[PDB]
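For the sequence shown, the numbering used here assigns the number 202 to the initial residue and increments by one for each residue that follows.
Shown next, in structure tokens, is the structure this report addresses.
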Amino acid sequence: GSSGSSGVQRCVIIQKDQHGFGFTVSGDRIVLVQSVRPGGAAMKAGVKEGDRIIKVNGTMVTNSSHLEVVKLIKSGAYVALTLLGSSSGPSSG
């Protein structure tokens, strides 16, 4: 396929703690974490704003549309999300 230095992506799983997750995304083609609960299953998982989703429960959503991604997240207690590249700075952020 395309030729581009394959960055580094990790797999993070979130288990519903408060009757649901604590993160939300938005985007047609590219999906990125819009917001993150101040203490939701997502925050405790390590999900920060600006994380592109690669794989979702064995379902590649690199192109899929938000909607498709949403429903997917509503499948199973938890959801294995593969984020690529994390934030890094001198400030707690």
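Just so you know, even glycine gets a beta-carbon here, dropped at the ideal spot from N, CA and C.
Delimiting residues of the alpha helix (DSSP H) encompassing residue i
{"i": "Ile231", "result": "From DSSP, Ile231 is part of no alpha helix (DSSP H); its letter is neither H nor E."}
{"i": "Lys272", "result": "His267 to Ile274"}
Status (buried if at least 16 other CB within 10 Å, exposed otherwise) for residue i
{"i": "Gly223", "result": "buried"}
{"i": "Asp229", "result": "exposed"}
{"i": "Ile254", "result": "buried"}
{"i": "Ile274", "result": "buried"}
Limits of the beta strand (DSSP E) - the one that residue i falls within
{"i": "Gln216", "result": "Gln210 to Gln216"}
Identity of the residue in the options nearest residue i by Cα
{"i": "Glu250", "options": "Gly277, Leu282, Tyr279 and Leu233", "result": "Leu233"}
{"i": "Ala281", "options": "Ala246, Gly202 and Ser266", "result": "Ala246"}
Evaluate the contact criterion for the stretch 219-227 versus the stretch 256-263: three or more CB pairs, one atom per stretch, below 8 Å.
no
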